């Protein structure tokens, strides 16, 4: 019985963000359980939001979902404006080549993994986490897609395409088949240790030569990340031929013109003071004072959005304001 409100991360959020980070999968290294890294993450976001008339691609935007009554943070998510701006964004490219056997007349098409940084410049969705009780709720939708609404309101700050690397598969002892078959052979840490290390901080590989379990794990997600994957599938993202260099998790991609919560979002005037319908994700369209909530509205294009006094307070909007909204849908 409390409203949840999405807003930019604030410095004083650090201990609450650390709690989220500690509960998130270790393979979500964009949300490391490390005070120093999280402080840097929040500072970077604060700088990005604060510079309201300048941006150059170095930016990142870190959002938290807050219980408006208690102040408890129950989720978080982030956007990186330009993948690889400061340090290269590495992936394995899954590519094919054909080895011609002249004497057999076989032209054998073979998959290989090649270390690369092809995804540079794309905007990147990262750091997604919600508490267990928000899984498969409109609030998980808000926590993820509120970033997309933000991107719709500020298109110039971001690329025309978005990528997301979903945490790969590891079992309930924290063993990653892909890590064990690949990276661990070059640096013998277990997966959890390698990801903890990744958090706190060249020739092709033949796919046919990898163990079956590792092959099967390529492009698979951590069970706890299926929610994240599914939200994005409904948004219009599709898997791309790049996988994580540690765990082989899939990379998703979409053009902004084809992302539901960008392309189908609308800017609408409000009328404040007073019905049931269906859930909408609603933002105030602002930068530093960005706010987003889920509202049950009886609304359609062509009329103003009717907001309650409570909803307008949460959104930080008043008379004559506009909001950006999109149906949660299905």
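Residue numbers count along the first chain shown, from 1.
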query: Continuity check for residue 201 and residue 202, given as deposited residues lacking coordinates between them; finding: 10 or more
query: Continuity check for residue 274 and residue 275, given as deposited residues lacking coordinates between them; finding: 1 to 3
query: 192 to 200 versus 127 to 135 - greater average Cα B-factor per the deposited record; finding: 192 to 200
query: Between 202 to 210 and 253 to 261 (mean CA B-factor, as deposited), the higher; finding: 202 to 210
query: C-alpha B-factor winner, where the candidates are 146, 174, 183, 223; finding: 174
query: Residue, from 215, 77, 103, 153, that the PDB entry assigns the highest Cα B-factor; finding: 103
query: Modelled-residue ranking by C-alpha temperature factor, third containing residue 41; finding: lowest
query: Chain thirds of CA B-factor: placement of residue 84; finding: highest
query: Ranked against its chain, the third holding the CA B-factor of residue 318; finding: highest
query: CA B-factor placement of residue 248, once the chain's modelled residues are sorted into thirds; finding: lowest
query: Ranked C-alpha temperature factor of residue 312 among modelled chain residues, by third; finding: middle
